[PDB]
Amino acid sequence: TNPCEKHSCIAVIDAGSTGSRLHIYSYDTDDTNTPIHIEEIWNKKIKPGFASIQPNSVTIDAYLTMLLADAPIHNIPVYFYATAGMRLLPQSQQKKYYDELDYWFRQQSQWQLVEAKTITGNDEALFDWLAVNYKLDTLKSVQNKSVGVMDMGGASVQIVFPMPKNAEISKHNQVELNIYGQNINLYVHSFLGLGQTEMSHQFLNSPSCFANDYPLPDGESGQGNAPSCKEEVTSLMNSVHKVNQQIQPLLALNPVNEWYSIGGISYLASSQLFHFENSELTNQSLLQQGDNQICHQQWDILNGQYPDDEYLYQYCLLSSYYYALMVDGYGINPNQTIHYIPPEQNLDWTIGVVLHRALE
Amino acid sequence: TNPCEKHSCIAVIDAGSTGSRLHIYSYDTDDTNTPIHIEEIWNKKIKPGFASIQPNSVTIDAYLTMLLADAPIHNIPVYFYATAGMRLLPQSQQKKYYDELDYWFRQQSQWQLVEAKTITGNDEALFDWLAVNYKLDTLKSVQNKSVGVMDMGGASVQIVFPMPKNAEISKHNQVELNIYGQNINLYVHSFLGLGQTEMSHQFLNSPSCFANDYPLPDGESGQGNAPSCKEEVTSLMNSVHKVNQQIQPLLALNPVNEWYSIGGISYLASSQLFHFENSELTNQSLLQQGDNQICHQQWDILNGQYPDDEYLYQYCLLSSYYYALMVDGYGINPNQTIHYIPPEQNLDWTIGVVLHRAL
Ligand SMILES: O=c1ccn([C@@H]2O[C@H](COP(=O)(O)OP(=O)(O)NP(=O)(O)O)[C@@H](O)[C@H]2O)c(=O)[nH]1
Ligand SMILES: O=c1ccn([C@@H]2O[C@H](COP(=O)(O)OP(=O)(O)NP(=O)(O)O)[C@@H](O)[C@H]2O)c(=O)[nH]1
Ligand SMILES: [Cl-]
Ligand SMILES: [Cl-]
Ligand SMILES: [Cl-]
Ligand SMILES: [Mg+2]
Ligand SMILES: [Mg+2]
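So the sequences go chain by chain: B and A.
According to PDB author numbering, the first sequence holds residues 36 to 395 in order.
According to PDB author numbering, the second sequence holds residues 36 to 394 in order.
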């Protein structure tokens, strides 16, 4: 069956720093003119990130072909929204990618490209919050409790939580959201360069951040120690990006009742090396487990034991970095529960585009 | 017509983080078979960096074909040496690139691949110093003054200068070489992640680092202020990387009389926006000129005044960064002369390979 003959469908592509994800969503619309019954009918994920590849015709064609060709329905509107991988590039370079992408869509007749563009980290943060709250079913009715969302990406990280309008804070970090007939005010922030790829490029020669005897590029050996690695990463969070000074005073005044994390942290928390129950973690436990299971283990043995985890070599660093970000940066308690969403649910920010077509 | 019929020839590829450069050099050798009379007989530069492309046989074949095919001579030894762009990747990912590259070279019968590898930052630094001193004609005789070299690349930066052999400092950052009958002892260091591209990814939403009204990725506006941007970059140099604690004590004990800078800084210093005499800058003058002529300008207007410069938008950040690195990191006096080499001279570290493989 094609659901799109009886329900509205659109395609939304998350063109993220590490890869692109096509989603086709079916949905209906209610009397407030808001989508309801949003269902993902198709997903395809490819690597590497769109902004990583040579912006020539042959390369872009192979990539877009790989992403789209085998989709079960093509005669629908397409939203191509890139995030921090593209925001790392000069605007003149991004234009080369979008001109090639526009050309590609012009050479076929089925997909109807509505928009292709780089969205800001603040737009991405809004979509992050909408996507999680749609899955929680907390959008249709006014909530008594405060839901905070973090998106732990490769090139940027987002934090977003309810906060009344504040005249002392940049208009860019505040959004007023009207959805299902309710008004929601949110604080949004994205930290470009603090996603896990970009952050890691500052610590590749830090022995404390790699498993024992991991070969660092400078010829020294890993000698993992999560608390020590964490203190190194905290200097990038706070001395450089001032995460603490920006975020902590706001969260102190606008406490969050429930935290949800999406993005790459869900793959780490779900890996064989870790144990968490109920799809939730705490920072204390994530740092301890990373320390015990990776930082203080022998690299060759670990590499041979988990030959499928192409991210394994960074697990000591990532466990340390997530703690630095959430605890030292955002000021979240080490023993505070953080919910994460199984990666197999495909929950990125793209549901937020279905719900909310404007950009700020 | 045929420069390799009467001279030895070698190809050296700098597979750098932002692009690859094929050099073919002709040379003679002296009584010890050390190269002399090194002349660049071919240069070709392509983008992007090898370590950024998809590591499959079709992509790699196109990239190597673009880099190599039109070279005027092919039946010579080739070194393919990658630097910090490849160092950013774990060995498992690098292996995919070198296995494909090894296959591509086995498939043809003109080029004579000697080595394709990621060189260490310390070897890169050693080649940086040899290349510059070869061109200054300072290697033939024992210098009564210290020449220091900085290579300001895209993913790492190197610093290298004379330091007598000692038991105070780790053997890891000390190199000894014998060339043209003299013994030379150097301190070498490379800082991965502090090259310009990697550093810049931490400051793209910093208004102080861009011209007024430049559109930052987050939607805010540039509001350039080089001293402010410089203090931001300094926090990365010293609070995170501890450049100052690693380098300053050693330069205090081993002062450098003349500094030479290579890598991407030469393009910045050579641009139309800056006025330096005698192909030398000072850090204070670089910061002041970037502050006045880019940071404090209205971006749309400045971009229209200099419309053929795709790199201009980053000059407020880069002038701030270089001051942060050299002055706040290395401890160089802000008024000390730093020589730069005109970019048309194609002076990267590759002449160091020609020299060192014969030692
Ligand atoms: O199978 C996987 C796939 C990804 N990962 C991790 O997820 C990270 C990518 O997280 P993500 O997909 O949320 O980031 P992204 O590509 O959307 N990046 P951004 O949102 O554009 O910044 C990787 O860097 C790696 O750490 C795994 O551990 N295992
Ligand atoms: O024509 C050019 C080419 C490059 N550039 C600048 O030089 C920078 C690259 O400097 P480089 O060649 O020394 O770096 P690299 O590729 O060798 N990097 P690494 O040495 O591998 O770390 C670019 O990022 C760009 O800012 C120009 O300004 N003009
Ligand atoms: Cl290194
Ligand atoms: Cl590519
Ligand atoms: Cl942003
Ligand atoms: Mg993402
Ligand atoms: Mg270089």
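Cβ coordinates follow ideal geometry from the N, Cα and C atoms, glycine included.
When the alpha-carbon of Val113 of chain B is set against those of B:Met121, B:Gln145, B:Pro83 and B:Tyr138, the nearest one is in B:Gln145. Listed in chain order, the non-local C-beta contacts of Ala46 of chain A below 6 Å within the same chain comprise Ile59, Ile111 and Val113, local neighbours out to five positions each way being set aside. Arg122 of chain A sits in a helix when the DSSP states are folded into three classes. Contact annotation for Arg56 of chain A against chain B: no contact, minimum CB-CB distance about 17 Å [criterion: below 9 Å]. Annotation for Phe196 of chain B: no alpha helix (DSSP H) segment contains it, though the beta strand (DSSP E) segment containing it runs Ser191 to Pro197.
Closest in C-alpha terms to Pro377 of chain A, from the list A:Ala359, A:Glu315 and A:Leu394, comes A:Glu315. Taking every protein chain shown into account, the CB of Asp105 of chain B has fewer than 16 other CB atoms within 10 angstroms, so this residue is exposed.
Take the alpha-carbon of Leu271 of chain B and the one of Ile336 of chain A: they are about 34 Å apart. Between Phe226 of chain B and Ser191 of chain B, the C-beta spacing is below 7 Å. Taking all protein chains in view, the Cβ of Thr100 of chain A is surrounded by fewer than 16 other Cβ atoms within 10 Å, so the residue is classified as exposed. Counting only runs of at least 3 residues, the region 125 to 164 of chain B fully encloses the following beta strand (DSSP E) elements, listed from N- to C-terminal order: 147 to 153.
Checking the 6 Å criterion, the Cβ of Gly298 of chain A is out of range of every heavy atom belonging to ligand 3. Shown here for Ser43 of chain B: same chain residues with a beta carbon closer than 6 Å to its own, the five before and five after excluded, namely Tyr62 in chain order.
Comparing alpha carbon positions, the residue from B:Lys265, B:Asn273 and B:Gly299 closest to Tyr356 of chain B is B:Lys265. Minimum Cα-Cα distance from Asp163 of chain B among the listed residues B:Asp248, B:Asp137, B:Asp326 and B:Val182 corresponds to B:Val182. Using a Cβ-Cβ cut-off of 9 Å, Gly325 of chain A is close to nothing in chain B; its nearest Cβ partner there is about 17 Å away. Not one heavy atom of ligand 7 falls within 6 Å of the beta-carbon of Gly387 of chain A. Contact between the region 304 to 320 of chain A and the region 184 to 201 of chain A is absent: fewer than 3 CB-CB pairs across the two stretches fall below 8 Å. Straight across, the Cα-Cα distance linking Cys351 of chain A with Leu308 of chain A is about 11 Å. The residue among A:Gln328, A:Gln332, A:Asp344 and A:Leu285 with its C-alpha nearest the C-alpha of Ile367 of chain A is A:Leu285. In the same chain as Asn208 of chain B, and ignoring 5 residues on each side of it, the C-beta atoms closer than 8 Å to its own belong to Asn157, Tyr222, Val223 and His224, in chain order. Given a length threshold of 3 residues, each whole run of the beta strand (DSSP E) inside the region 285 to 335 of chain A is given here in chain order: 293 to 298 and 315 to 317. Annotation for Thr118 of chain A indicates a beta carbon within 6 Å of some heavy atom of ligand 7. Across the region 86 to 109 of chain A, CB contacts with chain B closer than 9 Å involve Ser87, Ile88, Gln89, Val93, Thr94, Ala97 and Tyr98, in sequence order along the chain. DSSP places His276 of chain B outside both helix and strand once states are collapsed to three, so it counts as coil. Contacts with chain A at 7 Å (Cβ-Cβ) do not include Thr118 of chain B.
Contact between the region 76 to 86 of chain A and the region 121 to 134 of chain A is present: three or more C-beta pairs spanning the two stretches fall below 8 Å.
Assignment of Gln340 of chain A by DSSP, reduced to helix, strand and coil, places it in the helix class.
Cβ neighbours of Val184 of chain B within its own chain (closer than 6 Å, five residues either side excluded): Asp163, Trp164, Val167, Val195 and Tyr295. In this structure, ligand 3 has no non-hydrogen atom nearer than 6 Å to the beta-carbon of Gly189 of chain A. Excluding its 5 nearest sequence neighbours in each direction, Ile154 of chain A has C-beta neighbours in its own chain below 6 Å: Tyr116, listed in chain order. Taking CB atoms only, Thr155 of chain B has a neighbour in chain A less than 7 Å away. At a Cβ-Cβ threshold of 7 Å, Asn260 of chain A and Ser274 of chain A do not count as neighbours. With contacts defined as CB atoms closer than 7 Å, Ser55 of chain A and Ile76 of chain A fail to qualify as a contacting pair. Here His331 of chain A has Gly259 as same chain residues with Cβ atoms under 6 Å from its own Cβ, once five neighbours each way along the sequence are excluded. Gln280 of chain B is classed as exposed because its beta carbon has fewer than 16 other beta carbons within 10 Å across all chains shown.
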